[PDB]
RNA sequence: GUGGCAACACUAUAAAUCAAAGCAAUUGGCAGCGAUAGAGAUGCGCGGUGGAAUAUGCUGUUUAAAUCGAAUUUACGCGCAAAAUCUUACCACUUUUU
């Protein structure tokens, strides 16, 4: 939970940096009330084993895998900072932790 | 040798061997020695087994092989959370390399 926690916080830092108005002077920001940090429970499944090597059918022990999940939400209107996001997650390597990413977006059709 | 009516009562050493025979406080194992605590620990209940058939495992018998270990509790739905060939180590036959 340590690594997924650091992953969630560092990508949250990246999002807030990525749309950050660093100076006033140009003034179309999206903190619209879609935005969340939804946490999630897991997939409860126990996988047990024989303790002993041979006869030993008394000898049971329970084992177990954990998957911890978060989803990170934002949206925006210009593409150059979206590319800053995708290249940002291209650079910073994260340990043991899967990144699956959903990018619903508008694109024009002939 | 003394006493007696005696059973024997004395007095009384040794020969010969052994390397310990012993003793007291313990520390542990016993209890067919009690007091206090705890366990469906019972007598308190329910449902089984052992009766029938099937599944399934084991012995024993035979077969060419029925591969091999598990053996009283704690082995017997055990290695096998899976054998139609393959898994598979066993046999029949035909080949292969040292």
>> As an exercise: evaluate residue A:60 against (1) within 16 Å of RNA strand B (Cβ to nearest atom); (2) loosely packed, with under 10 Cβ neighbours inside 10 Å and give the number of the one condition it does not meet.
In response: (2)
> Do you know which residues across the range A:80-96 are within 15 Å of residue A:17 (Cα to Cα) and either surrounded by 11 or more Cβ atoms within 10 Å (Cβ to Cβ) or within 19 Å of the chain's Cα centre (by Cα) (or both)?
Replying inline: A:81, A:82, A:83, A:84, A:85, A:86, A:87, A:88, A:89, A:92
> What number goes with the only condition from (1) within 16 Å of RNA strand B (Cβ to nearest atom); (2) surrounded by 10 or more Cβ atoms within 10 Å (Cβ to Cβ); (3) part of a strand (DSSP E or B) that residue A:71 does not pass?
Replying inline: (1)
>> Looking at the range A:32-49, I want the residues that are under 13 Å from residue A:68 (Cβ atoms) and have a partner that is part of a loop (DSSP other than H, G, I, E, B) with Cβ atoms under 7 Å, at least 6 apart or on another chain. Which pairs are those?
In response: A:40/A:69; A:42/A:66; A:42/A:67; A:42/A:68; A:42/A:69; A:43/A:67
> Do you know which of the residues in the range A:35-55 that are near RNA strand B (Cβ under 9 Å from one of its atoms) and in a strand (DSSP E or B) is surrounded by the fewest Cβ atoms within 10 Å (Cβ to Cβ)?
Replying inline: A:47
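Positions of Cβ are backbone-derived with ideal geometry, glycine not excepted, and every protein chain shown enters the neighbour counts. Every number in this text was worked out from the coordinates using simple rules, so none of it is lab data.
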